[PDB]
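First the structure, in the form of structure tokens, and then the observations on it.
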Amino acid sequence: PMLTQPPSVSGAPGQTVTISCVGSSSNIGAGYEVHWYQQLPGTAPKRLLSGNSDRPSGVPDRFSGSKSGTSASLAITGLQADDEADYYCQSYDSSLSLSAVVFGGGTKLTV
Amino acid sequence: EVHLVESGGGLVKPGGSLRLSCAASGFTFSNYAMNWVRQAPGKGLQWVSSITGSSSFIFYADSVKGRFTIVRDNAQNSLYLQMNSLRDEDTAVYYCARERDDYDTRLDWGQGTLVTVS
Amino acid sequence: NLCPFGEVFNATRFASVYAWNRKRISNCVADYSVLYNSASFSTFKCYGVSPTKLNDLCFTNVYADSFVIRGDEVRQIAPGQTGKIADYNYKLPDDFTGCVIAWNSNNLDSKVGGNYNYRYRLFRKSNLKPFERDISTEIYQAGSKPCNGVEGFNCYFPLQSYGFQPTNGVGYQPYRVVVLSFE
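Line by line, the protein sequences give chains L, H and R.
Position one of the first sequence corresponds to residue 21 (PDB author numbering), numbered consecutively onward.
Position one of the second sequence corresponds to residue 20 (PDB author numbering), numbered consecutively onward.
Position one of the third sequence corresponds to residue 334 (PDB author numbering), numbered consecutively onward.
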């Protein structure tokens, strides 16, 4: 993956865990939107975030977001048993002759 | 209701060939871009190829560059990916993904049709 | 004297594609070796003249058609190519002699929150004649009903903004096009 992530951040219910996503200047530092995706095991990925609070229609509002320098976050406060899936960051990389969406390394989230 | 569904993935001998299609419904196909992206089992998502609405921008990952040709049909509501000369690492479930005029990194997804080579 | 290939490329602002500029370049030495030998221009492929022989020719009239367009919609700046820009905003002649160039301009033409300045003719009652520009404001009539009034159903304003947000992908990113035309 052209982005980077910690391998697995997870915690107990009732807690907040910050799932970072740090990358280069072309992908995060050039202002492109950072999206977070929920991939259940055996299921196609389903998006749940964009930038700072741009959730889609039909998700619980625990998943907030932020941006900081060349990084981002998926602070999820007070987890439940439904929040058991792999999580992937995203950006867009417009370096010359590449022009690609970039995905993260993959963070597993358990309770 | 955005509908991306694929068809064509199956077990092929290594060095063989395939063509995964991707049907589209619920949106203007000619407007947004289109991505082909896979997930090997026990692995994260690796971007594979991208095409845009006029198909004037076609891009490939370095691992598959010169190996694949992503082809789209702006009127048939269909997106194809010509699979040729498969190496070991292409054992993956291949997802079909579309960008959007809002962010063009926002992606919808397909249910994924598996490709396995051995 | 070195004629201005600097305020048709390094301009502060290019106008839209519905009302594109026409800067006649004449009475100079036109050095295209400074213009081809640069990595910025993504779409300096061209028609009628081989690009390496531009500095070996003398032309009668040289134009420079400054505008800025969407990233996908730059294959439509081509002779014989048909599309939406190519039909309604900027049509090259089929016997075009000249060299169109283009480069990406997210640093310049795409401010945060958007840049709604650049608009394009979505509708017109007829296809363009080549090298014709139409700065009009009449409401386009689409349906059977001749409204000729406020923008109702089947009654559209012909222009619409590009919406050059900085997050947008290279399909929608602002590409800055200069279309040179010769004898």
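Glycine included, every Cβ here is placed at the ideal spot set by N, Cα and C.
Of the listed residues the options, nearest to residue i (C-alpha basis)
{"i": "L99(L)", "options": "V29(L), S119(L), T24(L) and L23(L)", "result": "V29(L)"}
{"i": "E516(R)", "options": "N460(R), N394(R) and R452(R)", "result": "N394(R)"}
{"i": "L105(H)", "options": "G29(H), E25(H) and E20(H)", "result": "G29(H)"}
{"i": "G129(H)", "options": "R57(H), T47(H) and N50(H)", "result": "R57(H)"}
{"i": "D121(H)", "options": "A52(H), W66(H) and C115(H)", "result": "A52(H)"}
{"i": "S77(L)", "options": "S86(L), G85(L), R67(L) and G71(L)", "result": "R67(L)"}
{"i": "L335(R)", "options": "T376(R), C361(R) and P479(R)", "result": "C361(R)"}
{"i": "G131(H)", "options": "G27(H), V21(H) and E20(H)", "result": "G27(H)"}
{"i": "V503(R)", "options": "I402(R), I358(R) and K462(R)", "result": "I402(R)"}
{"i": "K84(H)", "options": "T97(L), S73(L) and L118(L)", "result": "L118(L)"}
{"i": "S359(R)", "options": "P463(R), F338(R), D442(R) and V350(R)", "result": "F338(R)"}
{"i": "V382(R)", "options": "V433(R), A419(R) and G404(R)", "result": "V433(R)"}
{"i": "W56(L)", "options": "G125(L), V122(L), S115(L) and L94(L)", "result": "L94(L)"}
{"i": "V37(L)", "options": "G126(L), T97(L), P21(L) and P26(L)", "result": "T97(L)"}
{"i": "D389(R)", "options": "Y508(R), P412(R), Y505(R) and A363(R)", "result": "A363(R)"}
{"i": "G72(H)", "options": "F392(R), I472(R), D442(R) and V407(R)", "result": "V407(R)"}
{"i": "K424(R)", "options": "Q506(R), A352(R), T500(R) and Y508(R)", "result": "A352(R)"}
{"i": "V136(H)", "options": "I89(H), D127(H) and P60(H)", "result": "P60(H)"}
{"i": "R86(H)", "options": "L64(H), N93(H) and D109(H)", "result": "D109(H)"}
{"i": "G45(H)", "options": "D123(H), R119(H) and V134(H)", "result": "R119(H)"}
{"i": "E20(H)", "options": "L133(H), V134(H) and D127(H)", "result": "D127(H)"}
{"i": "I418(R)", "options": "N437(R), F392(R), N448(R) and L461(R)", "result": "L461(R)"}
{"i": "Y505(R)", "options": "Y449(R), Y473(R), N487(R) and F429(R)", "result": "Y449(R)"}
{"i": "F486(R)", "options": "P384(R), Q474(R) and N437(R)", "result": "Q474(R)"}
{"i": "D123(H)", "options": "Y365(R), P463(R), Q498(R) and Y369(R)", "result": "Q498(R)"}
{"i": "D92(H)", "options": "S82(H), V67(H) and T47(H)", "result": "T47(H)"}
{"i": "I410(R)", "options": "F347(R), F464(R), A348(R) and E471(R)", "result": "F464(R)"}
Residue environment, residue i, which counts as buried when at least 16 other CB atoms sit within 10 Å
{"i": "residue 9(L)", "result": "The structure shown does not extend to residue 9(L), since chain L is modelled only from 21 to 131, so the question has no answer here."}
{"i": "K62(H)", "result": "exposed"}
{"i": "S69(H)", "result": "buried"}
{"i": "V112(H)", "result": "buried"}
{"i": "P65(L)", "result": "buried"}
{"i": "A435(R)", "result": "buried"}
{"i": "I468(R)", "result": "exposed"}
{"i": "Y421(R)", "result": "buried"}
{"i": "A92(L)", "result": "buried"}
{"i": "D442(R)", "result": "buried"}
{"i": "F83(L)", "result": "buried"}
{"i": "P426(R)", "result": "exposed"}
{"i": "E25(H)", "result": "buried"}
{"i": "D405(R)", "result": "buried"}
{"i": "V367(R)", "result": "exposed"}
{"i": "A80(H)", "result": "buried"}
{"i": "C115(H)", "result": "buried"}
{"i": "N47(L)", "result": "buried"}
{"i": "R125(H)", "result": "buried"}
{"i": "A372(R)", "result": "exposed"}
{"i": "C391(R)", "result": "exposed"}
{"i": "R117(H)", "result": "buried"}
Integer Cβ distance of residue i from residue j, believed to fall under 8 angstroms
{"i": "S45(L)", "j": "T90(L)", "result": "6 angstroms"}
{"i": "residue 6(H)", "j": "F123(L)", "result": "Residue 6(H) is absent from the model: chain H starts at 20 and stops at 137."}
Q: Take every Cβ of the stretch 104 to 117 of chain L, pair it with every Cβ of the stretch 47 to 55 of chain L, and state whether three or more of those distances are shorter than 8 angstroms.
A: yes
Q. Taking Cβ-Cβ distances below 9 angstroms as the criterion, which residues of the stretch 35 to 62 of chain L are in contact with chain H?
A. Hits within the stretch, in order: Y52, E53, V54, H55, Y57 and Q59.
Q: Check whether the stretch 28 to 43 of chain H touches the stretch 69 to 76 of chain H, counting contact only when three or more Cβ pairs, one atom from each stretch, lie closer than 8 angstroms.
A: no
Q: Check whether the stretch 493 to 512 of chain R touches the stretch 397 to 405 of chain R, counting contact only when three or more Cβ pairs, one atom from each stretch, lie closer than 8 angstroms.
A: Below 8 angstroms, enough C-beta pairs join the stretch 493 to 512 of chain R and the stretch 397 to 405 of chain R to call them touching: three or more.
Q. Would you call the stretch 52 to 71 of chain L and the stretch 87 to 107 of chain L in contact, with 3 or more CB pairs under 8 angstroms?
A. Three or more beta-carbon pairs separated by less than 8 angstroms link the stretch 52 to 71 of chain L to the stretch 87 to 107 of chain L, which places the two stretches in contact.
Q: Determine, using beta-carbon pairs with one atom in the stretch 84 to 102 of chain H and one in the stretch 27 to 43 of chain L, whether at least three such pairs fall under 8 angstroms.
A: no
Q) Is the stretch 91 to 98 of chain H in contact with the stretch 32 to 46 of chain L, if contact means three or more CB pairs nearer than 8 angstroms? A) no
Q.
Check whether the stretch 483 to 498 of chain R and the stretch 449 to 461 of chain R touch, using three or more Cβ-Cβ pairs below 8 angstroms as the test.
A. yes
Q | Meets three-Cβ-pair contact criterion under 8 angstroms: the stretch 115 to 131 of chain L and the stretch 336 to 343 of chain R | A | no
Q: Select from the stretch 91 to 120 of chain L all residues with a C-beta closer than 7 angstroms to any C-beta belonging to chain R, and list them in chain order.
A: For the stretch 91 to 120 of chain L, the beta-carbon criterion of a distance under 7 angstroms to any beta-carbon of chain R is satisfied by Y112, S114 and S119.
Q) Is the stretch 373 to 387 of chain R touching the stretch 472 to 490 of chain R, taking contact as three or more C-beta pairs under 8 angstroms? A) Because the criterion of three Cβ pairs below 8 angstroms is not met, the stretch 373 to 387 of chain R and the stretch 472 to 490 of chain R do not touch.
Q | Residues within the stretch 478 to 497 of chain R neighbouring chain H, beta-carbon criterion of under 8 angstroms | A | Listed in sequence order: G496.
**Q.** the stretch 119 to 133 of chain H: positions lying closer than 9 angstroms to chain L by Cβ
**A.** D121, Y122, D123, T124, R125, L126, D127, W128, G129, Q130 and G131
Q: Report the residues of the stretch 439 to 452 of chain R with a CB closer than 8 angstroms to any CB of chain L, ordered along the chain.
A: The stretch 439 to 452 of chain R vs chain L, Cβ under 8 angstroms: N439 and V445.
Q) Given a limit of 7 angstroms on CB to CB distance, which residues of the stretch 70 to 92 of chain H reach chain R? A) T71, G72, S73, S75 and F76
**Q.** Residues from the stretch 36 to 58 of chain H in contact with chain R, defined by Cβ distance under 7 angstroms
**A.** Within the stretch 36 to 58 of chain H, the qualifying residues are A52.
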